[PDB]
Every structure is written in structure tokens, then in C-alpha cells.
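Peer 1: Can you keep this structure in mind? I'll have questions shortly.
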Amino acid sequence: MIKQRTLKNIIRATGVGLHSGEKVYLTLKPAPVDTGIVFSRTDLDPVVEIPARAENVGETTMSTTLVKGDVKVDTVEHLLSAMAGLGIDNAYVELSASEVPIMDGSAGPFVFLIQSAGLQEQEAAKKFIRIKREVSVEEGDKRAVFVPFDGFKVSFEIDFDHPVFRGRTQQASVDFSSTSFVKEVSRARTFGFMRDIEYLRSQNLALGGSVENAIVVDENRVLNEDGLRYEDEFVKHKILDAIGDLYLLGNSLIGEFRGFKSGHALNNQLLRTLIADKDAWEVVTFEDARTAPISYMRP
Ligand SMILES: C[C@H](O)c1nccn1Cc1cc(-c2ccccc2)on1
Ligand SMILES: [Zn+2]
């Protein structure tokens with residue numbers, strides 16, 4: 001059987017919030033079976049715990065944000081994908097500030113942090129949500145969908161309206177593997193365009209992004225002196241982003257997902273729409289690693 005997993009040791013990392021621009025300390029600790037991913041604000045008296053679920057997501061404004069009343073934990077998506085990517089089922093996440101550190105803009109620093117600390121298996125079957133029939137959501141020109149697949153597949157397609165793209169639209173379609181996630185999806189940095197970036201900073205918003213942790217794009221070309229990590233970088237990241245928001249289902253998925261100019265808002269939207277469609281899904285666990293159609297990096 002495929003067992004649930006956790007962290008073998010404690011990991012600490014410190015950086016800044018892209019949006020908040022405040023220094024923050026992130027500590028990851030192992031948690032028990034059936035726990036899931038819990039975000040904790042440990043600078044507050046008493047400490048405020050927001051479990052990472054679809055129903056705790058309030059704000060989808062250029063970041064995924066969990067809300068418990070007037071306390072919020074901001075920009076959760078990258079870390080939750082690293083954890084989705086390496087298959088961390090249960091871990092305690094503790095923040096000194098409201099927003100999670102942007103690191104170098106990818107899920108890469110968290111992968112390197114989790115790979116070094118190590119994975120621990122647990123005596124409990126790992127629950128999966130299996131997609132029985134197609135579920136969809138539309139919002140104007142943006143679209144998102146869950147469809148059956150024997151494994152996990154994320155396909156994506158985006159109509160960026162920028163000169164750098166050469167009038168073309170971007171498309172990537174990944175088959176989920178630990179190896180598949182690390183080598184081709186994990187290092188896809190976040191991107192900023194100069195038009196959107198100007199109005200945020202003058203208002204002391206998005207003060208945290210720079211060449212050091214993001215892609216700063218001007219009309220003429222990508223200003224970062226070493227260009228793109230992948231030829232494919234922008235669209236892969238949007239895949240890095242979707243994996244992180246879907247994992248607020250609280251369980252791993254066994255279906256193909258397709259996004260078309262889909263964002264945080266729609267990603268959270270499909271989850272709730274899915275859960276409501278009980279006929280749409282069932283829970284499944286696996287007796288053998290072979291029976292199971294998904295391979296995670298062995299502990
Ligand atoms: C935040 C989300 O995970 C993301 N990844 C890539 C792009 N995005 C959207 C996004 C990008 C920015 C941004 C803000 C200021 C500077 C650079 C970038 O803020 N939200
Ligand atoms: Zn992102």
C-alpha cells in the first residue's frame with residue numbers, strides 16, 4: 001500500500017513577502033496521520049491555526065489567501081505545490097508574518113529544503129480523490145476543468161497578450177511524477193510585467209518582488225540578465241501555481257486537470273464546485289505501488 005508521508009526533520013527558512021515586503025520566518029514541522037497541512041501564525045497571542053482547505057480560502061487577489069476571521073496567511077500556493085510535488089501529506093507550517101516567503105519565486109528552495117530534511121512514511125493508507133465524471137467552471141474568457149485520467153495530468157494553455165510571446169499562446173502538458181515535478185515544473189519562477197508592477201509599488205503593494213526573486217518583463221524582452229530557466233518557463237509556473245491551489249482539496253487527485261487562462265480564483269472555484277458534486281468523485285487508496293498509477297520519490 002501507499003502510505004501517508006511527513007517530514008523526517010525540522011526545516012527553517014527566512015525571506016520576504018512579495019506583496020507584504022515584511023521579513024518572515026517559516027518553520028516546517030512533522031505532523032500526525034490525517035492532519036493535512038496547517039498554517040499557523042505564531043506571532044499572535046494566542047496562536048491562530050488555519051488548516052489548508054478550499055473553504056478557508058477567502059482572498060484570491062494575485063495570491064492564494066487563507067482566512068480565519070481577521071487573520072490571514074498570504075501567498076500559500078508555491079510551498080503547497082512543493083509539498084504536493086514531493087507528496088508531503090501532513091506537516092505543520094508556522095509563520096512569523098502574514099505572508100509566506102517568496103524565496104527565489106519558484107517551488108525550488110522548498111524542494112531542496114524538504115529533500116535534505118527527508119520524508120517519513122506512516123502506518124495509514126494515503127487517501128486519494130478519484131474523479132468519476134467531468135466537472136467545469138467558466139468565468140468570462142477564463143475556463144477550468146476536472147476530467148478522468150488514470151494518474152495525475154495537468155495541461156495548460158494561456159493567451160498572454162504581450163510582444164515577448166511572438167503573438168503565440170503557451171501550452172504545456174505534464175504527467176505527474178516526483179521526478180516529473182522536480183526536473184520540469186519545480187524551478188518555474190513567478191513573473192511580473194512592468195505595466196501591472198508600476199501601480200502596485202507606488203501604493204506600497206507588491207514591494208517584495210525584484211530580479212532576485214521574480215521575472216521582470218519589459219515590452220522589448222525579459223530584463224533578467226540570464227533569461228529563462230526553461231524555454232517553457234511562464235506556462236510551467238502557471239502549472240506550478242495550479243498544483244498548489246488544487247492541493248487545498250486536502251487530498252491528492254487522480255484525474256486530468258485542464259486550465260485555460262485560469263487563475264487562483266477559478267482554481268479555488270473548481271474545488272468547491274467539485275466537492276459539492278459528490279456523484280463526481282469517490283475516495284480511493286492503493287494496496288500496491290504497482291496498482292497505484294502515481295510514483296512518489298521513495299522516502
Ligand atoms: C503569486 C503567484 O504565485 C504568481 N506566480 C507567478 C505570477 N504570480 C502572480 C503574481 C506575480 C506578482 C508580482 C508582484 C510584484 C512583482 C513581481 C511579481 O504577484 N502575483
Ligand atoms: Zn506563482
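Letters for chains follow the order of the C-alpha cells (A, B, ...), residue numbers begin at 1 for each chain, and ligand numbers begin at 1 in the order shown.
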Given a cut-off of 10 Å, what residues near ligand 1 show up using only C-alpha atoms and all ligand atoms, put as a ChimeraX atom specification?

Peer 2: /A:17-19,60-64,74-79,102,105-107,188-194,196-198,200-201,205-211,213-217,234-235,237-242,244-245,263-264

Peer 1: Do you know which residues are at most 12 Å from segment 22-27 of chain A counting only C-alpha atoms, after dropping those on the same chain fewer than 5 positions away, and could you put them as an MDAnalysis selection string?

Peer 2: chainID A and resid 7 9:17 38:43 73:74 76 79 91:103 110 113:114 204:209

Peer 1: Please dump the current selection as a short mmCIF file (atom, residue, chain, number, x, y, z; two decimals), in the first residue's frame; keep N, CA and C atoms.

Peer 2:
data_model
loop_
_atom_site.label_atom_id
_atom_site.label_comp_id
_atom_site.auth_asym_id
_atom_site.auth_seq_id
_atom_site.Cartn_x
_atom_site.Cartn_y
_atom_site.Cartn_z
N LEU A 7 7.33 15.02 7.23
CA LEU A 7 8.73 15.46 7.31
C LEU A 7 9.50 14.63 8.34
N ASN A 9 12.42 15.73 9.54
CA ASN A 9 13.06 16.67 10.48
C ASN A 9 12.50 18.07 10.30
N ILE A 10 13.01 18.98 11.09
CA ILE A 10 12.53 20.38 11.10
C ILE A 10 13.33 21.18 10.08
N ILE A 11 12.64 22.07 9.38
CA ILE A 11 13.29 22.98 8.40
C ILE A 11 12.85 24.41 8.65
N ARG A 12 13.84 25.29 8.58
CA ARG A 12 13.63 26.73 8.80
C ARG A 12 14.16 27.47 7.59
N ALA A 13 13.46 28.51 7.21
CA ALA A 13 13.84 29.34 6.07
C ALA A 13 13.34 30.74 6.34
N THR A 14 14.07 31.72 5.85
CA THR A 14 13.74 33.13 6.07
C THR A 14 13.91 33.88 4.76
N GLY A 15 12.94 34.71 4.43
CA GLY A 15 12.94 35.56 3.23
C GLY A 15 11.95 36.69 3.41
N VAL A 16 11.44 37.26 2.32
CA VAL A 16 10.45 38.38 2.37
C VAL A 16 9.16 38.02 1.62
N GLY A 17 8.07 38.67 2.02
CA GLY A 17 6.81 38.65 1.27
C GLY A 17 6.90 39.53 0.03
N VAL A 38 -1.39 22.49 7.98
CA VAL A 38 -1.97 23.53 8.85
C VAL A 38 -1.03 24.72 8.90
N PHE A 39 -1.56 25.88 8.57
CA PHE A 39 -0.82 27.14 8.60
C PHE A 39 -1.06 27.76 9.95
N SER A 40 0.01 28.16 10.61
CA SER A 40 -0.08 28.74 11.96
C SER A 40 0.65 30.08 12.02
N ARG A 41 -0.01 31.10 12.56
CA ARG A 41 0.62 32.42 12.79
C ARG A 41 1.06 32.46 14.24
N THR A 42 2.34 32.19 14.48
CA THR A 42 2.90 32.02 15.84
C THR A 42 3.38 33.34 16.45
N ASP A 43 3.17 34.46 15.77
CA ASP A 43 3.49 35.79 16.34
C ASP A 43 2.27 36.35 17.07
N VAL A 73 -3.23 34.35 6.13
CA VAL A 73 -1.91 33.84 5.70
C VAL A 73 -1.88 33.95 4.17
N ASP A 74 -0.92 34.70 3.64
CA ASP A 74 -0.96 35.16 2.23
C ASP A 74 0.05 34.42 1.35
N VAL A 76 0.11 31.34 -0.48
CA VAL A 76 0.40 29.96 0.01
C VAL A 76 0.75 28.99 -1.12
N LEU A 79 4.71 26.78 -2.03
CA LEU A 79 5.04 25.82 -0.95
C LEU A 79 4.07 24.65 -1.03
N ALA A 91 1.99 18.17 7.46
CA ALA A 91 3.10 18.97 8.01
C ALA A 91 2.56 20.21 8.70
N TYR A 92 3.24 20.67 9.74
CA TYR A 92 2.88 21.93 10.43
C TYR A 92 3.68 23.07 9.81
N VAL A 93 3.01 24.15 9.44
CA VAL A 93 3.65 25.31 8.78
C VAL A 93 3.45 26.51 9.68
N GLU A 94 4.53 27.15 10.08
CA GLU A 94 4.46 28.23 11.09
C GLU A 94 5.06 29.51 10.52
N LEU A 95 4.30 30.61 10.56
CA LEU A 95 4.75 31.91 10.00
C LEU A 95 4.88 33.00 11.08
N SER A 96 5.99 33.74 11.05
CA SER A 96 6.22 34.92 11.91
C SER A 96 5.35 36.08 11.41
N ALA A 97 5.09 36.17 10.11
CA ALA A 97 4.31 37.27 9.49
C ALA A 97 3.14 36.67 8.72
N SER A 98 2.26 37.52 8.20
CA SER A 98 1.03 37.10 7.48
C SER A 98 1.34 36.44 6.12
N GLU A 99 2.44 36.79 5.45
CA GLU A 99 2.71 36.24 4.10
C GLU A 99 3.95 35.36 4.06
N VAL A 100 3.81 34.23 3.37
CA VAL A 100 4.85 33.18 3.21
C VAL A 100 5.97 33.74 2.33
N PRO A 101 7.24 33.39 2.61
CA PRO A 101 8.37 33.95 1.86
C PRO A 101 8.44 33.50 0.39
N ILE A 102 8.65 34.49 -0.47
CA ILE A 102 8.67 34.31 -1.94
C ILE A 102 9.90 33.50 -2.38
N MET A 103 10.92 33.36 -1.52
CA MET A 103 12.17 32.60 -1.80
C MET A 103 12.82 33.13 -3.10
N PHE A 110 12.10 25.24 -1.36
CA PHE A 110 11.27 24.31 -0.55
C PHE A 110 11.53 22.86 -0.93
N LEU A 113 14.91 22.18 0.50
CA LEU A 113 14.72 22.12 1.98
C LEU A 113 14.10 20.78 2.37
N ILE A 114 13.05 20.32 1.68
CA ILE A 114 12.33 19.06 2.03
C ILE A 114 13.16 17.83 1.65
N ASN A 204 2.67 51.08 -2.17
CA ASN A 204 3.36 50.16 -1.22
C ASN A 204 2.73 48.76 -1.23
N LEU A 205 2.34 48.28 -2.41
CA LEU A 205 1.83 46.90 -2.60
C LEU A 205 2.76 46.18 -3.59
N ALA A 206 3.01 44.89 -3.38
CA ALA A 206 3.92 44.06 -4.20
C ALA A 206 5.37 44.57 -4.10
N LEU A 207 5.70 45.19 -2.97
CA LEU A 207 7.00 45.87 -2.72
C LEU A 207 8.14 44.84 -2.70
N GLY A 208 7.82 43.54 -2.55
CA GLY A 208 8.80 42.45 -2.31
C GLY A 208 9.52 41.91 -3.54
N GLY A 209 8.91 41.95 -4.73
CA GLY A 209 9.49 41.40 -5.98
C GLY A 209 10.62 42.23 -6.59
#

Peer 1: Could you pull out the helix (DSSP H, G or I) residues of segment 122-224 of chain A, going by DSSP on the backbone, and write them as a list in words?

Peer 2: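 Restricting segment 122-224 of chain A to helix (DSSP H, G or I) produces residues 163, 164, 165, 178, 179, 180, 181, 182, 183, 184, 194, 195, 196, 197, 198, 199, 200 and 201 of chain A.
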
Peer 1: Would you output that residue set with N, CA and C atoms, as a PDB file, in the first residue's frame?

Peer 2:
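What follows is the written file selection-v4.pdb:
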ATOM      1  N   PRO A 163       4.221  41.196 -26.439  1.00  0.00           N
ATOM      2  CA  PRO A 163       5.191  41.089 -27.544  1.00  0.00           C
ATOM      3  C   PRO A 163       6.288  40.021 -27.458  1.00  0.00           C
ATOM      4  N   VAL A 164       6.688  39.711 -26.229  1.00  0.00           N
ATOM      5  CA  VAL A 164       7.723  38.695 -25.890  1.00  0.00           C
ATOM      6  C   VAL A 164       7.292  37.303 -26.352  1.00  0.00           C
ATOM      7  N   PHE A 165       5.996  37.027 -26.334  1.00  0.00           N
ATOM      8  CA  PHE A 165       5.446  35.694 -26.681  1.00  0.00           C
ATOM      9  C   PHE A 165       5.392  35.465 -28.197  1.00  0.00           C
ATOM     10  N   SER A 178       7.125  12.394  -9.081  1.00  0.00           N
ATOM     11  CA  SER A 178       8.057  13.178  -8.226  1.00  0.00           C
ATOM     12  C   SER A 178       9.160  13.744  -9.125  1.00  0.00           C
ATOM     13  N   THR A 179       9.721  12.877  -9.971  1.00  0.00           N
ATOM     14  CA  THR A 179      10.800  13.189 -10.946  1.00  0.00           C
ATOM     15  C   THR A 179      10.275  14.154 -12.008  1.00  0.00           C
ATOM     16  N   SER A 180       9.035  13.919 -12.417  1.00  0.00           N
ATOM     17  CA  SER A 180       8.328  14.725 -13.435  1.00  0.00           C
ATOM     18  C   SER A 180       8.182  16.138 -12.877  1.00  0.00           C
ATOM     19  N   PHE A 181       7.857  16.246 -11.593  1.00  0.00           N
ATOM     20  CA  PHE A 181       7.586  17.549 -10.949  1.00  0.00           C
ATOM     21  C   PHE A 181       8.891  18.305 -10.695  1.00  0.00           C
ATOM     22  N   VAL A 182       9.891  17.602 -10.188  1.00  0.00           N
ATOM     23  CA  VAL A 182      11.174  18.242  -9.788  1.00  0.00           C
ATOM     24  C   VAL A 182      11.886  18.778 -11.026  1.00  0.00           C
ATOM     25  N   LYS A 183      12.084  17.942 -12.035  1.00  0.00           N
ATOM     26  CA  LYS A 183      13.024  18.301 -13.121  1.00  0.00           C
ATOM     27  C   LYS A 183      12.374  19.252 -14.129  1.00  0.00           C
ATOM     28  N   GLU A 184      11.055  19.221 -14.333  1.00  0.00           N
ATOM     29  CA  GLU A 184      10.456  20.075 -15.398  1.00  0.00           C
ATOM     30  C   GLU A 184       9.427  21.094 -14.879  1.00  0.00           C
ATOM     31  N   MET A 194       5.905  44.898 -16.483  1.00  0.00           N
ATOM     32  CA  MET A 194       6.140  46.262 -15.942  1.00  0.00           C
ATOM     33  C   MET A 194       4.833  47.054 -15.789  1.00  0.00           C
ATOM     34  N   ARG A 195       3.886  46.927 -16.719  1.00  0.00           N
ATOM     35  CA  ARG A 195       2.575  47.644 -16.640  1.00  0.00           C
ATOM     36  C   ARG A 195       1.855  47.404 -15.295  1.00  0.00           C
ATOM     37  N   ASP A 196       1.667  46.153 -14.881  1.00  0.00           N
ATOM     38  CA  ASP A 196       0.948  45.836 -13.622  1.00  0.00           C
ATOM     39  C   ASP A 196       1.819  46.234 -12.432  1.00  0.00           C
ATOM     40  N   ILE A 197       3.135  46.091 -12.572  1.00  0.00           N
ATOM     41  CA  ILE A 197       4.107  46.255 -11.447  1.00  0.00           C
ATOM     42  C   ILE A 197       4.151  47.720 -10.998  1.00  0.00           C
ATOM     43  N   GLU A 198       4.007  48.688 -11.908  1.00  0.00           N
ATOM     44  CA  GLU A 198       4.106  50.132 -11.550  1.00  0.00           C
ATOM     45  C   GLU A 198       3.042  50.516 -10.506  1.00  0.00           C
ATOM     46  N   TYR A 199       1.754  50.235 -10.729  1.00  0.00           N
ATOM     47  CA  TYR A 199       0.670  50.779  -9.863  1.00  0.00           C
ATOM     48  C   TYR A 199       0.686  50.132  -8.474  1.00  0.00           C
ATOM     49  N   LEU A 200       1.174  48.896  -8.350  1.00  0.00           N
ATOM     50  CA  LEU A 200       1.234  48.178  -7.044  1.00  0.00           C
ATOM     51  C   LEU A 200       2.229  48.844  -6.080  1.00  0.00           C
ATOM     52  N   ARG A 201       3.437  49.183  -6.544  1.00  0.00           N
ATOM     53  CA  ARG A 201       4.571  49.630  -5.673  1.00  0.00           C
ATOM     54  C   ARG A 201       4.370  51.065  -5.161  1.00  0.00           C
TER      55      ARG A 201
END

Peer 1: Please tabulate, as JSON lines, the residues of segment 199-266 of chain A that come within 12 Å of segment 280-292 of chain A, each with its closest pair of atoms and the distance in Å to one decimal, counting only C-alpha atoms and ordering rows by chain, then residue number upward.

Peer 2:
{"residue": "A:251", "atom": "CA", "partner": "A:283", "partner_atom": "CA", "distance": 9.4}
{"residue": "A:252", "atom": "CA", "partner": "A:283", "partner_atom": "CA", "distance": 10.1}
{"residue": "A:253", "atom": "CA", "partner": "A:283", "partner_atom": "CA", "distance": 9.6}
{"residue": "A:254", "atom": "CA", "partner": "A:284", "partner_atom": "CA", "distance": 9.1}
{"residue": "A:255", "atom": "CA", "partner": "A:281", "partner_atom": "CA", "distance": 10.0}

Peer 1: Have a look at A:158, A:172, A:86, A:145 and name the one nearest to residue 131 of chain A; count only C-alpha atoms.

Peer 2: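 Checking each of A:158, A:172, A:86, A:145 against residue 131 of chain A, counting only C-alpha atoms, the winner is A:145.
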
Peer 1: For atom CA of residue 36 of chain A and atom CA of residue 6 of chain A, quote the distance in Å rounded to one decimal.

Peer 2: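 Result for atom CA of residue 36 of chain A versus atom CA of residue 6 of chain A: 9.6 Å, one decimal.
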
Peer 1: Rounded to one decimal in Å, what is the spacing between atom CA of residue 276 of chain A and atom CA of residue 258 of chain A?

Peer 2: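 One can read the atom CA of residue 276 of chain A to atom CA of residue 258 of chain A distance as 19.4 Å.
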
Peer 1: Just checking: using only C-alpha atoms and all ligand atoms, which residue out of A:137, A:174, A:185, A:50 ends up closest to ligand 2?

Peer 2: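 Under the stated criterion, the closest residue is A:185.
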
Peer 1: Would you pick out the contacts of residue 57 of chain A at 9 Å or less, using only C-alpha atoms, so that residues sharing its chain but fewer than 3 positions from it are not included, and give the list as a PDB file with C-alpha atoms, in the first residue's frame?

Peer 2:
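Result file is part12.pdb:
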ATOM      1  CA  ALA A  52      -5.168  24.458   4.401  1.00  0.00           C
ATOM      2  CA  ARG A  53      -8.667  23.680   2.923  1.00  0.00           C
ATOM      3  CA  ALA A  54     -10.682  25.108  -0.015  1.00  0.00           C
ATOM      4  CA  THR A  60      -7.650  35.195  -4.470  1.00  0.00           C
ATOM      5  CA  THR A  64      -3.990  32.385  -2.582  1.00  0.00           C
ATOM      6  CA  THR A  65      -5.035  33.550   0.894  1.00  0.00           C
ATOM      7  CA  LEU A  66      -6.452  31.513   3.810  1.00  0.00           C
ATOM      8  CA  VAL A  67      -8.878  33.423   6.129  1.00  0.00           C
ATOM      9  CA  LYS A  68      -9.843  32.699   9.704  1.00  0.00           C
ATOM     10  CA  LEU A 248      -6.250  22.752  -0.808  1.00  0.00           C
ATOM     11  CA  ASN A 268     -10.374  27.521  -5.725  1.00  0.00           C
TER      12      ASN A 268
END

Peer 1: Using only C-alpha atoms, pick whichever of A:45, A:175, A:225, A:104 has the shortest atom-to-atom distance to residue 187 of chain A.

Peer 2: A:104

Peer 1: Which is closer to ligand 2 than all the others in A:89, A:256, A:233, A:218, using only C-alpha atoms and all ligand atoms?

Peer 2: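 Checking each candidate against ligand 2, we get A:233 as the closest.
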
Peer 1: I need the residue nearest residue 138 of chain A from this list: A:71, A:266, A:222, A:28. Use only C-alpha atoms for the distance.

Peer 2: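 Checking each of A:71, A:266, A:222, A:28 against residue 138 of chain A, counting only C-alpha atoms, the winner is A:266.
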